[PDB]
Amino acid sequence: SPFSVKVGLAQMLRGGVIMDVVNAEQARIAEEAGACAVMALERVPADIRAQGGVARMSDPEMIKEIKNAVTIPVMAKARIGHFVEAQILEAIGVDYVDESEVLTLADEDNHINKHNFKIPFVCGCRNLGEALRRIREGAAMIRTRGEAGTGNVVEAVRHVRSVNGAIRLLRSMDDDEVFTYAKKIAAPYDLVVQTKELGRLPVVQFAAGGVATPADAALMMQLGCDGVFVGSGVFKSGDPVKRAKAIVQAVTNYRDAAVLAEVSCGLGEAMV
Amino acid sequence: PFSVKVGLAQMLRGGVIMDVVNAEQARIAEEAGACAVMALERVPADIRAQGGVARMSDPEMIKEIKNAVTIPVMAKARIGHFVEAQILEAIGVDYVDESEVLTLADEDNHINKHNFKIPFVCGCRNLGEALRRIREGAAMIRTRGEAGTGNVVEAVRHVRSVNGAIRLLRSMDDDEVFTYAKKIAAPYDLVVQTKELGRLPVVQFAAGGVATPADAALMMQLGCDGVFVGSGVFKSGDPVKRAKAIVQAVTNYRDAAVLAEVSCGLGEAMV
Amino acid sequence: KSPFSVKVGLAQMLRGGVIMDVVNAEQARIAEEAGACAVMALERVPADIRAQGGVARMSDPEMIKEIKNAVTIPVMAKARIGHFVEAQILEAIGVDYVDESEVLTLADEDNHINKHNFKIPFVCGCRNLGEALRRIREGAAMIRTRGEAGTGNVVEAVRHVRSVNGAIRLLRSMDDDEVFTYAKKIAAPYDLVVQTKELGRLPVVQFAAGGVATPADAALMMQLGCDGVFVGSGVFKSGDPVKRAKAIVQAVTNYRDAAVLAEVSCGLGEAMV
Amino acid sequence: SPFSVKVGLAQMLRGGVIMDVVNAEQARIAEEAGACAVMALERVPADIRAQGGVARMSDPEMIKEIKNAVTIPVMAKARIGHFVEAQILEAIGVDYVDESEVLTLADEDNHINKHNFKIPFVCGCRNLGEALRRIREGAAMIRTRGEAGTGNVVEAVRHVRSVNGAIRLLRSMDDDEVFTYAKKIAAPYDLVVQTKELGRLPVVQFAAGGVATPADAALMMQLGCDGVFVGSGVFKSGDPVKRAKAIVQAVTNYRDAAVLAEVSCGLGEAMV
Amino acid sequence: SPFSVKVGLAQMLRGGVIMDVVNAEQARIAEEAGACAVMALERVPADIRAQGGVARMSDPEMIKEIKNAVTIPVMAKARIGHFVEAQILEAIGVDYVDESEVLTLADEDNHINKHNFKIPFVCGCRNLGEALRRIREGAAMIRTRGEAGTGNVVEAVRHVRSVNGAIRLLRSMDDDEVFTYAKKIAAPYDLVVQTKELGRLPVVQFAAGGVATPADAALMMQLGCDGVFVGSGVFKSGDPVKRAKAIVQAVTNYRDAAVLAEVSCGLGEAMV
Ligand SMILES: *C[C@H](N)C(=O)/C=C/OP(=O)(O)O
Ligand SMILES: *C[C@H](N)C(=O)/C=C/OP(=O)(O)O
Ligand SMILES: *C[C@H](N)C(=O)/C=C/OP(=O)(O)O
Ligand SMILES: *C[C@H](N)C(=O)/C=C/OP(=O)(O)O
Ligand SMILES: *C[C@H](N)C(=O)/C=C/OP(=O)(O)O
């Protein structure tokens, strides 16, 4: 099954950190720090927030440079609904497209039909219903997003707890009430049932938004994520190389408080 | 094990706990006679003035503060950020303050404090909040006003609310306590324990706005077991003298002659 | 060990049973012969209270002694919410359970009876889990998950059974760290919420009540996971109370046997208006 | 002081039941039942409610017939603010005037200045502030009223719990907060302080309103009242003679469940 | 009676001007100008308004200096509800504490229990009910305040007229309506009656707020005050020494238009 193949590709990222990079130098830093993949974008989310202006798919020249600089998978963001941007990214050989809300919405009413592509897609979500709608559209991996570019995990905690609490609610829910639940969260019933049977999201689920410290990243993992995205927390901090390695080690050893303490020690300024 | 942590906190009764952001402030607080220090990144008046996300202190700074003093060292963690508290426990702080002056990490849940071996401080504005924090595992309650304003008005409000509610509860008809516990959304058993003790089941300190010795003795005369001072000492003109004066005020809070003496010639209070 | 757990233990005997409202000894005797596990003595059945209005109070003790004398199964009696003196009287005349009931006229809008002060067990009503746990903390030994009394419409009982059980299933799989906030949100005592989480069920017997008019209704309550059903109006406001009472009892005894449900429903005559 | 003498007169009624009577026959029934006093009025509160129309002080003729019929004290109702009605009641020798809200309000803004009278007054209240305001006007006894003429104790339970909860609040209140409390309930501070010091109301406190059964009456006594008024529950019931004695016995033995059970047995129909 | 003694102390200030001083130089100026007392505070009210920031009891060192610099009585402000601040002021020997609204409220729900102190207190008020509540708390002198630090008498005129008009209303009020009046203004009935019997406030009443010119001060006196407070009008004006003497003479000769004209002539800039 072509979708299950795409899902399997994203499973290989479990336990990893994906780092936003806007040039090839940042891409090397992330790979050396132990990132499982990099995300090519025009500006990290904290700069998109402070500066404003329309944010689009990165120039294919920049993506090519980042692909050449690393051997780990390379993701790239496309505007929501901008399926031509995604066609271009697939054509130049990115490994994943992130149909991303940090870029400027291109279609306020529809997402990309991700089934028309060979490579897997990441989509964001704030709740289970959103996650399942993205998956029905063909998303092979889900980013449970908070607020990008603020260094504040509070919304990612909210959305991780919301998605996982809804899954747990679903696990023990009376079968006969699942139809109404699927109407209530506006999700395809088959995907709701698959989630109930698995007891987890049918695709990999990473946290994203405001992860600024190793404590934050391990928090996301102890809350039940398969990995984390860091967009601004590394490359807007005082010591990106050391913070990047620290966040990777936090995610690999997310239950080991002594390791979390050690990698957090003497880490310099987090992002503003 | 929870009563062990509740008992530990008893050793701070009668004391002043002082916020410190580095080892120099920590030694000043100990020499002034503070019963413990509270390590945080910025004093609350600076967090309020400057904005920005405020998190747990870097472990390196906490280790520095631990090595500078021999009185208990507390540290702040963001509400709900249980991994920050795991780290603070792993580096050997004596108390975690799950603190509202830091940027909220979980808007819906506090830390499950029963999963830790060290005692936790939590803030409250009323009795129901205090009892909820205690049921989560807090061993000590900070009855908080407004952090970083030098204005005790909200601390006075919340101390009178908590203690007024405890006094209400003490004379309350037993049959009305069930509805009372619903009304303040508190665990009934802890409500009953408060009624039977006649005081909060854990140590209760005032915090927020304590700027002068008179403020500090005011909190004690309103029936607190101690006071936090976050900004009043180190945002003031003479930190070393004000810290000793606030400590002496809390130790001698009913002695107007002493209160007048230690307040004399104290310099500028915090802005 | 504790006196409360002894009362809770005693109520277990009622699992699988039907408790029928009776207003005289004739009704009580019919209920016992139909196989009811207990009767509920009250002044008027809920449909009559609803239609007639007026203040509804504890039954006259003479009525209760007549009902106790007529049957050997347990006798329950209704007391107004908050009216602890009515309950003291019911206890002194030897009823087996007091139902602190919303079908009677509320006597204290702000407090329920302190049921821990009594030796005999109490039933209390609830619409949701928080209500149930607050009643249990006050000392209710058994919970009646109530819909609308006297209407013959199960729709609200279904709502409240699904609500209580939905919340229990929600609780069973809930992340432990979220239970403190959950206890606050439903305004329930935390220890009882945790106990409910651990057991996967209500810590006391849970019956459905309100609007159960047919055997299908009763068996529906049982298939939604109740331990038993109250029938107040559906039996004695119907056209054939004796046949209907046996049918509902059989429905609760054999609630998964559709052939039996079909059988006991056949020719049952008119249900309540 | 003259006021404390009046207050002492009403103390002699502790443990008693006061019954509303509209003629000498009812008054004799009440005295024989053991009532500590009777309350002369034109119509029992249940009739005033169902019938409407202006309700005033009883005709002095009817009051004289009631005084001739009994030797226990005779009370009579006067309209709120109607000090001339009270002057008349005093001139014909009633023992207490009840400035009563079950009669038609004569002055919407002022109560009778009860210090200008030699005999003691009863006033109603819903909360402690009302009681203390009535007492400052010269009320020697407070009746804590619910809904008169409905046979429903719910509002009297509310008001008894309100007054008593306020007094218990006041007993443990910080002395410095009492000034603001007296402002909040709009009550004379000296009477608030006196209530705090006594731990109870500075005058006798009876329950009234909706007491229909012996259980109701004993309920009021167990809630902390000194006695009960019964306006409608006796003479609108099926068996007033038996019910009046049962209520009296209930109030005398209000903590004895076996007695309460016994006197409640076979009591006939309560009021509608 | 200890309260009547405190009241008698404040009577000696009748016909006087109390001047705010923030150092010993201002205190001498006020005494030489003929002030009956000085008020030690950290900043005059016009500066507290313009600058903001929390305003507390003056440092006891400053109060000591002001006490040493003058022989007339020395008052000091404490924050409303800050009874420890008042304990300190009593301990260092001020003659009066002003529980003052120009300082930052410390207890939004309660004032200081002034009966626990040996020295008399001043409190502010905007209306009779406030004045009487402060007096019940133990205030021995009342400051009928307008708007401090604006130089605009309009609110002090409003509040002086309000207090005096309410007293005049009370003077001629039907006795039987006084109970309801005391509820309406939320004042202790005994104090309301005392005010009605005296025909004036039971303690000394000074005006305060916006008194900027000798005309203003004499206005307050012709409206019926026993004296005036000047906080900003002297020491924020162009010629404090001359304006201070002028305001004192205005208050001493408040009905003598020729004197008011003379002392107002050539007075330089009033406060901004
Ligand atoms: C969309 C991108 N992959 C991402 O995860 C952004 C995160 O925002 P930040 O809060 O800057 O980590
Ligand atoms: C949370 C911290 N320990 C604290 O007590 C803050 C006090 O606020 P401040 O107003 O700065 O004393
Ligand atoms: C309170 C009584 N036990 C009861 O269950 C009422 C049921 O209502 P109905 O709808 O009449 O069966
Ligand atoms: C005012 C009269 N004495 C009285 O107490 C009325 C009671 O009302 P009811 O509900 O008729 O007892
Ligand atoms: C509180 C002080 N005693 C005072 O009277 C303030 C007056 O204000 P101003 O308007 O500046 O005279």
# chains A, B, ... in the order shown; residues from 1 in each chain; ligands from 1
call {"tool": "interface_residues", "arguments": {"of": "chain A", "to": "chain C", "cutoff": "12 Å", "atoms": "only C-alpha atoms", "output": "list in words"}}
result
residues 161, 162, 164, 165, 166, 167, 168, 169, 170, 171, 172, 173, 174, 175, 176, 177, 178, 199, 222, 223 and 224 of chain A
call {"tool": "residues_near_ligand", "arguments": {"ligand": "ligand 3", "cutoff": "6 Å", "atoms": "only C-alpha atoms and all ligand atoms", "output": "ChimeraX atom specification"}}
result
/C:46-47,101,103,148-152,209-212,230-234
call {"tool": "residues_around", "arguments": {"residues": "residue 50 (chain D)", "least_positions_apart": "2", "cutoff": "12 Å", "atoms": "only C-alpha atoms", "output": "MDAnalysis selection string"}}
result
chainID D and resid 43:48 52:53 148:150 232 272
call {"tool": "write_last_selection", "arguments": {"atoms": "N, CA and C atoms", "output": "tab-separated table (two decimals), in the first residue's frame"}}
result
chain	number	residue	atom	x	y	z
D	43	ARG	N	-56.74	36.44	58.52
D	43	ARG	CA	-56.74	35.22	57.72
D	43	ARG	C	-55.36	34.58	57.82
D	44	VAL	N	-55.33	33.25	57.91
D	44	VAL	CA	-54.05	32.54	57.99
D	44	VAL	C	-53.28	32.84	56.71
D	45	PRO	N	-51.94	32.81	56.74
D	45	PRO	CA	-51.16	33.18	55.54
D	45	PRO	C	-51.54	32.43	54.27
D	46	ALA	N	-51.92	31.15	54.36
D	46	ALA	CA	-52.31	30.42	53.14
D	46	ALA	C	-53.55	31.04	52.49
D	47	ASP	N	-54.49	31.54	53.30
D	47	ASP	CA	-55.69	32.17	52.73
D	47	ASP	C	-55.37	33.53	52.12
D	48	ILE	N	-54.57	34.35	52.82
D	48	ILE	CA	-54.17	35.63	52.26
D	48	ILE	C	-53.49	35.42	50.90
D	52	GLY	N	-55.71	36.87	47.90
D	52	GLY	CA	-55.37	38.25	47.58
D	52	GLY	C	-56.10	39.25	48.47
D	53	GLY	N	-56.15	40.49	48.00
D	53	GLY	CA	-56.81	41.57	48.71
D	53	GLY	C	-55.96	42.14	49.84
D	148	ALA	N	-44.65	32.18	53.64
D	148	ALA	CA	-45.83	31.90	54.44
D	148	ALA	C	-46.93	31.36	53.55
D	149	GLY	N	-47.61	30.33	54.03
D	149	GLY	CA	-48.78	29.81	53.35
D	149	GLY	C	-48.53	28.88	52.19
D	150	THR	N	-47.33	28.32	52.05
D	150	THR	CA	-47.06	27.35	50.99
D	150	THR	C	-46.80	25.94	51.50
D	232	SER	N	-50.27	28.31	58.84
D	232	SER	CA	-51.20	27.56	58.01
D	232	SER	C	-51.16	26.05	58.25
D	272	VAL	N	-52.55	21.80	51.92
D	272	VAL	CA	-52.39	21.71	50.47
D	272	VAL	C	-51.22	22.55	49.98
call {"tool": "residues_around", "arguments": {"residues": "residue 180 (chain B)", "least_positions_apart": "5", "cutoff": "10 Å", "atoms": "only C-alpha atoms", "output": "number ranges by chain"}}
result
B: 128, 169, 172, 174-175, 185-186, 188, 191; C: 110-111
call {"tool": "write_last_selection", "arguments": {"atoms": "C-alpha atoms", "output": "PDB file, in the first residue's frame"}}
result
ATOM      1  CA  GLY B 128      -9.667  26.304  47.377  1.00  0.00           C
ATOM      2  CA  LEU B 169     -14.460  26.844  58.071  1.00  0.00           C
ATOM      3  CA  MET B 172     -18.861  26.162  60.037  1.00  0.00           C
ATOM      4  CA  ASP B 174     -20.337  20.247  59.703  1.00  0.00           C
ATOM      5  CA  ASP B 175     -23.278  19.516  57.416  1.00  0.00           C
ATOM      6  CA  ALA B 185     -13.729  23.264  44.346  1.00  0.00           C
ATOM      7  CA  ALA B 186     -11.437  21.661  46.926  1.00  0.00           C
ATOM      8  CA  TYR B 188     -13.381  17.447  50.865  1.00  0.00           C
ATOM      9  CA  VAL B 191     -11.254  20.859  53.733  1.00  0.00           C
TER      10      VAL B 191
ATOM     11  CA  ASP C 110     -27.915  24.293  49.346  1.00  0.00           C
ATOM     12  CA  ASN C 111     -27.098  21.069  51.244  1.00  0.00           C
TER      13      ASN C 111
END
call {"tool": "select_by_dssp", "arguments": {"residues": "region 17-231 of chain B", "states": "strand (DSSP E or B)", "output": "JSON, numbers by chain"}}
result
{"B": [17, 18, 19, 20, 36, 37, 38, 39, 73, 74, 75, 76, 77, 78, 95, 96, 97, 98, 99, 120, 121, 122, 123, 124, 140, 141, 142, 143, 144, 203, 204, 205, 206, 207, 226, 227, 228, 229]}
